[PDB]
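Below are two forms of the same protein chain, given as structure tokens: structure 1, then structure 2.
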Structure 1
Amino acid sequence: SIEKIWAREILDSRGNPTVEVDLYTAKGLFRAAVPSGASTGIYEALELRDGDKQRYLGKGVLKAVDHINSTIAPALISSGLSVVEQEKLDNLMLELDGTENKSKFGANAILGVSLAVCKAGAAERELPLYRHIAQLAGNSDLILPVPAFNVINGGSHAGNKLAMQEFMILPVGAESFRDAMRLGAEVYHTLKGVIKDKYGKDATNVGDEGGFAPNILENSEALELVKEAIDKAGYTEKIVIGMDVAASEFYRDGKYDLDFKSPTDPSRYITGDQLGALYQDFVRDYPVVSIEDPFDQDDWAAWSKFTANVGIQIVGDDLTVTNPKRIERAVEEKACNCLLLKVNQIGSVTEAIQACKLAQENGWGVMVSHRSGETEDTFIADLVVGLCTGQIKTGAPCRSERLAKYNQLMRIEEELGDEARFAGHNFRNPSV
């Protein structure tokens, strides 16, 4: 059973409050913290913020923390449920909140406990967290994912005109996870130089996820820069590119604005067809293997049409919000073929594992993901290995809310020893 639960407000990687939970059992103290998105889809479970405009600019999480300390904690302690009972504990918190979208307590309240429970459960089972998660998920295997490093930041994560959010490199040809880290870092460092040589040092500062924030507008130019860095680093045969467009951020009036960080000008909007055509160009001209949120979270028609006309990975993020109900629709409409798995989009570990299992059962990839507001928490490193998904995006190899995860993946790889498997080229279908 749980002895004590105590939540507090900490600061995330952008300097905004978030929830941290300390959970005590007879095995010790288990601590987890909750990330926070910037480009948050409208269907995400509620992130409860205090809205006191004088305090942390409205972004405190005192209410969430209080819901944990005043309500969730005593209920879960009094239940006497063992922390190995992840689903029962998670379901009890869902029932306690009583709302579909976790708007009574906040998904951030619930998730913080959920995560700490999971860590505590692992200890109760005398298992590393990744193995506990694997058992929760009904997995026998463990595989190290290909990391997708967001090395050029745009969209809502960077001060630049670049509309698409993330340009990532995936070292699919690395020999191991540790090697993939080296490949990603070398390319990242190379890219700093490619950017400085063309744009000057003012273009070499970083956005929220640690990728460079060059002063460019054209998304194709981001791809060019990444491709050039890959080449210059000597890894053209081993590194491919993924993008997160985050198109819901620039959807306007049924159309899309690829200059949305510039003052409003509807004549520059393009249709979903035009946007798709651009993607096709990117796929033809660059080693783009994966595009996330190519279209708005409600533009089902565009997702389905596009997915049916390409062979690349198409990742639902805001489309699916780690939510089995949305995933079912996406599966039925063949809207995408990969789920981005963000535990705080849904609000509990159990529901995130269910979402993953649902995707995988329907033949989708799953990419575990950070949020752009992260913490020093490294849960998602254990999560991706336990869920065997083959792919994780958790930042550039810059800013330690990113490296914390990457370093933890290296540690897990080391732990697995000669049993360590790296998904490599099978990142989309690592089950094989």
Structure 2
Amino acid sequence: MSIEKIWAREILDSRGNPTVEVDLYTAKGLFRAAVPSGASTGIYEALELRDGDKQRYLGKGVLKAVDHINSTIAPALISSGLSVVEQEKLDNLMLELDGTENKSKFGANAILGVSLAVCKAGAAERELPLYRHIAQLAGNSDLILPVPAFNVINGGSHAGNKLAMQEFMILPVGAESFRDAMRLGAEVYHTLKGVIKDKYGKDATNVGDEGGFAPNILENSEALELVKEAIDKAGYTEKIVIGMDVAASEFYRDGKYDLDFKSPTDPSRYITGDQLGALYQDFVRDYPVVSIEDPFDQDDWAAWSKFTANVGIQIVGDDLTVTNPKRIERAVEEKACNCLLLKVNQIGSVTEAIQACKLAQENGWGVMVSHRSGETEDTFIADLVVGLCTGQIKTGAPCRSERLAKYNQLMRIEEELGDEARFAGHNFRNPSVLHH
């Protein structure tokens, strides 16, 4: 009566690893989605189910997840006779069939793939663009194009350099529109590539998983100066600001923090959380840093709360919250942060990710929709960030098409929305104040 067919297969993601793609068929046609993947397993993440056969793709095959869709999830959904518009009921049906709290039986990658395909097929049955269907599933009316946060400089475990902080990003908060923000981002990206080529050599301009550069930078402040200089030389000093992903859990060491964790271990150099907090206040004074992700360890709750109570910038939970609602509730209760990173495959279904998002927003938080380091040609999260009206998305450098595919789709959405398109701009934290 609704779903004609559901067929899953194994494709390759942007790192050359297998992942789940799902085809769903209705009288309106073929609706296809693919699943992203992080670099490592997180303890609070919903389970990404992998084959573990070390011969085939080093044990990263997803044949087990694909067979669960084709042999179990697909018949159950078709036989339920539920319409594809009933996102919550079909999601609930899969959560019940799985019957585990972390989706360890089918894998969040199996369950998500169907959830995304159902959402796409539901939008066509409603005769709505995907982003408007999502807005209705979430209870929004006034769509917003987000500020993109473009990865440009990498450190931490992403790089062989001494730089201990993981990612430095640029946000074109001063752009006139989302299409204008893509232009400002690309021009600074290329300006910065030129600067790196001259200062560090041609070798220093190859790219990492998310399309950013990882030159041999030694000091965290030298990276910030590099980014500031590319923005200034591109001519956009006041229109482009900086975001950072510290990923502080990476250099967390016995209750302290090792800002040189890639040099031979020396405990005497570890600094306390309060010492790390003071270093951030110096960055925020000397550089236009408006957002910091994971400034402290994912269990260092006391440091988060003290920093968030004492600075006025955006403080993003990533490893702290893990798109996990029980963790979010504790983070809200302790005022640990004021923005949620939203990674849909960390929670495993469209419904639960919309609920995670409404949990944060109803408590005054920003929400930044996020990519994974292993992405696909899928663009679902571009429609998601518009429908959820969060005003901010980080989905890579303006380089590599698993990133540009999202940005290109957002420009198409802006074009479709026309005179009713509102760009979040300097209100990326609170886009609700914009619409009239």
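Superpose the two forms; the largest set of C-alphas matching within 1.5 Å is the rigid core. Residues are numbered by position in structure 1's sequence, first residue being 1.
- Among the candidates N160, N139, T190, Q354, the CA atom that moves 2 angstroms or more between the two structures after core superposition belongs to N160 alone.
- Core-aligned CA deviation for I241 between the two structures: less than 2 Å.
- Once both forms are overlaid on the rigid core, the distance between the two CA positions of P263 between the two structures is 2 angstroms or more.
- After superposition on the rigid core, the Cα of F250 moves by 2 Å or more between the two structures.
- Relative to the superposed core, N215 moves its CA by 2.4 Å between the two structures.
- We note a C-alpha movement of 1.6 Å at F306 between the two structures, with the rigid core held in register.
- The shift recorded for the CA atom of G60 between the two structures is 0.4 Å, with superposition on the rigid core.
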